[PDB]
Amino acid sequence: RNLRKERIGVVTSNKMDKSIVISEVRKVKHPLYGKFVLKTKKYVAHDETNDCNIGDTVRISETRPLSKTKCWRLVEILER
Amino acid sequence: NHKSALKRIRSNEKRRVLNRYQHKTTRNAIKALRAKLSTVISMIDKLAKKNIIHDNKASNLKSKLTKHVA
Amino acid sequence: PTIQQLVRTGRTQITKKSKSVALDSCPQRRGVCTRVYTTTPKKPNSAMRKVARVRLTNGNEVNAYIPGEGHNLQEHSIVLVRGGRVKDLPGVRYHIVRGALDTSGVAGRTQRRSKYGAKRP
Amino acid sequence: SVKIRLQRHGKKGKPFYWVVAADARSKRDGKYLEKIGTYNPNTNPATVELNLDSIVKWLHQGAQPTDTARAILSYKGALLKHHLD
Amino acid sequence: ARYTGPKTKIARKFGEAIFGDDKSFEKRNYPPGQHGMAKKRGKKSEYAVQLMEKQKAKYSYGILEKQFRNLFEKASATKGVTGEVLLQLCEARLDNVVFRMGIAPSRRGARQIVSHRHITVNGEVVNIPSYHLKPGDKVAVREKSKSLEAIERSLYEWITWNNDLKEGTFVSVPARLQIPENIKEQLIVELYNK
RNA sequence: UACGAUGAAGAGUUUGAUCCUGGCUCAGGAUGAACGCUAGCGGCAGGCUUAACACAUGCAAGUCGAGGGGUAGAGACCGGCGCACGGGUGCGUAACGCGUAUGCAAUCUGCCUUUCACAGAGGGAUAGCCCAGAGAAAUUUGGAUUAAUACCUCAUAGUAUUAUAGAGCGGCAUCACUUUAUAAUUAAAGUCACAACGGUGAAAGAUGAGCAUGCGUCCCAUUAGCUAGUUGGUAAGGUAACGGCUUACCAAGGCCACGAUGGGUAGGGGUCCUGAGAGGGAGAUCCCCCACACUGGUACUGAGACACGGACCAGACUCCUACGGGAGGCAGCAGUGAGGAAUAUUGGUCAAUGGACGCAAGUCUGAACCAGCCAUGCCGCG
RNA sequence: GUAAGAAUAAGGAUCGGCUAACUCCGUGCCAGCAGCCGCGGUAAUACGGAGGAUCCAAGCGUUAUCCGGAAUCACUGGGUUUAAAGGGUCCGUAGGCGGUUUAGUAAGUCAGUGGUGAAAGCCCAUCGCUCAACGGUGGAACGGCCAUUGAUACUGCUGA
């Protein structure tokens, strides 16, 4: 295989059918002042039985595009 | 215009008339077929041979046909 | 000041407004004159400087200063403005090339011949 | 069809060619795949720097040499070595 | 281009005979001009000092400002003493070596003999005066113009010159402590870094 | 008393005179440069930055008789390949367009290379030509018609496709690779003899082409709400391929101060100039990617195009006309008019390299190699 | 390669200070010059001409657009009593920063390996054009990104 990309994030909202949206925070150094800045990005993952709720810590992996703006799936729910 | 330019507008017409004939002949069949199922698969495969219908798409149609006739 | 303040809003760099603006950022511009007259400096100089109202090819009305002595510069003449203001006439911010299409050069000039458009005797 | 051809890279008057494998639908001295050798017809021996470790590899992968390419790869080897099955 | 003018004037405007200590160096040694013969300006600026110290070397060899700046920034690529390598590459010129070998008693004659296919360098004839002689070159004289009238008429620590075959075997690149010249390279470096 | 680092200059000006803060200017480098004066060459490089304004004329993509009927004494036609390459421009685009790193278990792939199984019988047509026209031309209408490596039927062929049924291996969820039966369905071409060149199907490789994703992607917050197929799901239609790509139904979701939306500007990068460095300013010439071809839309042929020198339609210009109707697109090379301060020969050759066709000989190539003009820049000499 | 013949070939800018170079003649706040200070009202080193001098050189000056000087948007590398600059004062949201010890992970940080960072271009070294420009070869660089293996001193997270 090839071990497609994987991210770890926090569930932000569950208001859709069989789909969740999580937010991932990363600390990147500023290109000029060299100060580490917390930048956020929101992914859209795929859920089957609607198990995770807002405030959890999930781990998603990149797959084929299952829909528009939806190319991830939750596999490794860690904390609730 | 060129000499080679005044040959494609003449040969592509003879190709297009036959392509349209063979395309509509099987389009009408796949339309008013939805057992004589083993009669349009031949036409679909002949189109795939003539490179009209792209054997990939031809196999898509062949799979979609004999899945509801059951 | 603070690194956080700089990260939020960095240092603002100004644009350094140009000097010669009404010539479309070209070295020389052709133009037609409409009024050739004479003006006074501010102070304490005392002279009669020769200026001309030139309408450039891009639709700009400027005031050019005629260098040297000896010229025709009638009410309608094709001149070539190059730029370079003077600190005596308020408003004149351009110069006319001597030796251009229609403007005359100078006679009896021997030292600064590259300027004022004078041939070598 | 990937072909083994020559790319001119010298100066005006004195050419200097790179023996390189590239697609036929690309410009002469532009994009290529992998530089193979080097040809300098400025001395009497007509110097060459062929690489038989990749020449035969490209020939097996499906390269198609030209006249000058197959004449340079003739008296430098890899052709009597590509023939050996 | 070349200077092609009076050399006594150039010697007087610098106060140092660089074209041969001979006639006219004395006898009104003061700089030329109607205002140079009189009491010159006392206060001399450091910029004037550096500029004249550069022009002394720029006039002694016959180099233009363009080529001098090119040679300076070429020698400045060496991690060693910039002025030292500058003077070394300026001395390594072909016409300068021909002048030091005894032939062409002046550099103005060196850059008129070397530019006439009268001298050969390592076999093939080289008629370029700005030719940079690397350490270990063999300079000879063309056999056609070998028995000339001026060559035998006109005929160092690193040049091994042999008069029997017009040899000279340029080797052992000299140093500042060996090249005799009344010029300060640090001032030239400061002027070019100004 | 070592190591690496070859690198950092200021001045004038406010006051009767001083110090400090502070603004302006100059000393340096560089350019697709222009103007003035001046002017001898050689090598190399560069040359419409403005009107993507309008174009007179010449050339720029053809080739195969070893596919076919073969005519005059070659041409033209059917057929195969190419024309989607090369060449030009930067209009548009603030965006998975570009740079960077991957994935395709959601992909296709002519020509090329290596293997396996084969190239068996048949038929009706129609080009070209002939007989008559309708038209100023462009161009087009009737009749009978002769060939093909043109086209079309049946049998034949799988590590080919589909469906049902058993399996093994293996995951990264959807599932992936291989094997076994059964049923259905899909090929061929020969150049009178040899040589030589070919054709069909399956597998692998190479090359080329797509889709998705993480990060970096100008200014204005005197732009704070935006989106209604929009957000997610369930089934179909589909595309090479997953997918609101489209349709039918259910829910109200999705983005937004870490800058949505709106406006202005702009092709992006390797790079160029400058600077001690950190940075700053541009994206000519060389190379890679993207967009466009008078202004817009649409589809066919083809492996590959929604096609610069192909087609259809509409619009604005220019031309022919017998007034009924027609032909056009130099952002290709060389050139003309206009605009501008400003940028060149209506040149030579396929002799080298590359490209297309051909077994080859060979044909074409304003690609390319040379030559002319311009001190435009670098270097060298007098 | 051979034969007459120095014959066939040097100009532009500047000269009050910044900045390298000074004397005279003519005009008398006129004509004019000028990047800034600013010169000319009748003894002008600043205007025009002549002589001399300086720089560059087949080029020399002006203009237009950039970087440096400008520490003049300052992370490197500035300030806020009187020169421009502390909000009228508190509370507080988002955000920014975090007293001591200890256990765990290794996200930031550091080190190694593999892949990539096209070619061309800059720099270094070396060869061919008589040198150079130019061209060939090699290295360095491409400060970056992905996967993997280690260290746990400092920051982040969890527990005490």
Side-chain angles (χ1 to χ4, degrees), chain A residues 1-5 15-19 27 32-34 36 39-40 61 63-68 71 73 75, chain B residues 2 4-5 8-9 12 15-16 18 38 41-42 46 48-49 51 54 56-57 59 62-63 66-67, chain C residues 3-4 6 11-13 20 23 25-30 45-47 57 69 80 82-84 86-87 97 99-100 110-111 113-115 117-120, chain D residues 1-2 5-6 8 10-12 14-17 24-25 27-28 30-31 60-62 64 68, chain E residues 1-2 33-36 47-48 51 64-65 76 79 82 115 124-128 130-132 193-194:
Chain A
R1 316 300 272 100
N2 277 112
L3 281 203
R4 280 196 276 255
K5 310 180 183 65
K15 302 298 182 302
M16 295 176 296
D17 305 68
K18 306 184 189 65
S19 69
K27 305 165 26 66
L32 186 58
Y33 308 111
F36 296 91
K39 198 174 186 61
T40 186
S61 266
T63 82
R64 91 181 199 279
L66 303 97
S67 148
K68 182 180 187 177
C71 305
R73 63 179 169 108
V75 307
Chain B
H2 289 337
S4 83
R8 291 290 184 171
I9 55 181
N12 296 326
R15 299 174 192 175
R16 180 192 70 93
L18 184 64
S38 99
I41 296 186
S42 318
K46 286 168 183 298
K49 162 194 180 303
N51 270 335
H54 209 60
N56 263 268
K57 177 220 297 293
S59 325
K62 190 184 308 176
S63 180
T66 168
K67 264 287 296 182
Chain C
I3 307 299
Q4 180 62 219
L6 295 171
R11 307 278 188 175
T12 80
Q13 195 160 176
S20 273
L23 83 185
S25 98
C26 327
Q28 292 83 23
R29 292 298 297 189
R30 196 170 47 89
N45 304 145
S46 295
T57 55
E69 67 280 348
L80 190 62
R82 63 165 179 83
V86 285
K87 207 188 277 291
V97 175
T110 42
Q111 288 276 345
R113 283 193 287 99
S114 170
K115 310 161 187 176
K119 288 282 187 174
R120 168 179 169 85
Chain D
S1 61
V2 63
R5 53 180 181 181
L6 274 60
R8 199 175 189 265
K11 56 182 297 180
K12 172 180 172 182
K14 290 189 175 183
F16 193 98
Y17 304 109
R25 293 172 293 181
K27 49 189 63 179
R28 171 172 53 87
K31 189 180 179 179
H60 286 169
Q61 298 298 76
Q64 200 75 17
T68 317
Chain E
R2 314 189 301 105
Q34 87 170 223
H35 289 332
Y47 179 79
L51 171 129
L64 297 172
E65 187 256 289
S76 177
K79 306 300 183 178
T82 59
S115 272
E124 201 196 80
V125 45
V126 178
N127 60 324
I128 294 301
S130 97
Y131 192 86
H132 180 271
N193 216 329
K194 185 175 182 295

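Just so we're on the same page: letters track the sequence lines, and every chain starts at 1.
Nucleotides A160(G) and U100(G) have their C1' atoms positioned 14 Å apart, rounded to a whole Å. Rounded to a whole angstrom, the distance from the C1' atom of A70(G) to that of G78(G) is 13 Å. Comparing the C1' positions of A117(F) and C152(F) gives a spacing of 26 Å, expressed to the nearest Å. Spacing between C142(G) and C122(G) at atom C1', rounded to whole Å, works out to 11 Å. Using atom P as the reference point in both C98(F) and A84(F), the two lie 22 Å apart (nearest Å). As rounded to the nearest Å, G59(G) and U76(G) have P atoms that lie 47 Å from one another. To the nearest whole angstrom, the two P atoms, one in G68(F) and one in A150(F), are 12 Å apart. Distance check on atom P: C290(F) versus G158(F) gives 44 Å, rounded to whole Å.
Applying the Watson-Crick and G-U wobble criteria (two distances, each under 3.5 Å), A138(F) pairs with nothing in any strand. Using Watson-Crick or G-U wobble geometry with both donor-acceptor distances under 3.5 Å, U19(G) finds no partner in any strand shown. Pairing partner, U93(G): none, since no Watson-Crick or wobble contact has both distances short of 3.5 Å.
Closest approach to the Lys15(A) side chain among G254(F), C369(F), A356(F) is made by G254(F) (side chain taken as heavy atoms from C-beta onward). Closest contact between the side chain of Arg113(C) and the listed nucleotides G12(G), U301(F), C75(G) involves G12(G). Distances were taken from every side-chain heavy atom of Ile9(B) (C-beta onward) to each of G279(F), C369(F), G310(F); the shortest belongs to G310(F). Taking only side-chain atoms of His2(B), from C-beta outward, the nucleotide of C73(G), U130(G), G309(F) with the closest atom is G309(F). Listed nucleotides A34(G), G62(F), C172(F) differ in distance to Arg73(A); the shortest reach to its side chain belongs to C172(F). Nearest to the side chain of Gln61(D), among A9(F), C108(F), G205(F), sits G205(F).
With hydrogens and angles ignored, a donor-acceptor pair under 3.5 angstrom links the side chain of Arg8(B) to the base of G82(F). Put simply, the side chain of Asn45(C) and the base of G40(G) share a donor and an acceptor less than 3.5 Å apart. In the interface, the side chain of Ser61(A) is not paired with the base of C172(F) through any donor and acceptor atom under 3.5 Å apart. Counting distance only, with no hydrogens placed and no angle test, the side-chain atoms of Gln28(C) and the base atoms of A34(F) include a donor-acceptor pair under 3.5 Å. Contact annotation: side chain of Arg64(A) to base of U174(F), donor-acceptor pair present below 3.5 Å.
Pairing status of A107(G) against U155(G): a Watson-Crick or G-U wobble pair, both distances under 3.5 Å. Between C112(F) and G122(F), neither a Watson-Crick nor a G-U wobble pair is formed under the 3.5 Å criterion for both distances.
Nearer to the 5' terminus of RNA chain G, by closest-nucleotide assignment, is the contact made by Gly83(C) (compared with the other of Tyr131(E) and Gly83(C)). When the nearest nucleotides of RNA chain G are assigned to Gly84(C) and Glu124(E) by heavy-atom distance, the more 5′-ward of the two goes with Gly84(C).
Pucker annotation for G46(F) reads north, on the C3'-endo side, since its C1'-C2'-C3'-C4' dihedral is above zero. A132(F): sugar pucker north (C1'-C2'-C3'-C4' torsion positive). Here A202(F) has a north sugar; its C1'-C2'-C3'-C4' angle has a plus sign. With its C1'-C2'-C3'-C4' torsion above zero, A181(F) shows a north sugar pucker. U217(F): sugar pucker north (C1'-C2'-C3'-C4' torsion positive).
Applying the 4.0 Å criterion to OP1 and OP2 of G233(F), one finds that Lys18(A) has every side-chain N and O outside that range. Of the side-chain N and O atoms in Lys115(C), none sit less than 4.0 angstrom from OP1 or OP2 of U62(G). Residue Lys57(B) has no polar side-chain atom (N or O) positioned under 4.0 Å from OP1 or OP2 of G237(F). Between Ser20(C) and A64(G), a side-chain N or O to OP1/OP2 separation shorter than 4.0 Å is present.
Side chain to side chain, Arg29(C) and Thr57(C) meet the donor-acceptor criterion of an N or O pair below 3.5 Å.
Counting any heavy atom pair closer than 4.0 Å across all strands shown, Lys79(E) reaches a base atom.
The line from CD of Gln4(C) to OH of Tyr33(A) is 11.5 Å long, rounded to the nearest 0.5 Å.
In this structure, the side chains of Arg8(B) and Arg15(B) come closer than 4.5 Å at one or more pairs of heavy atoms.
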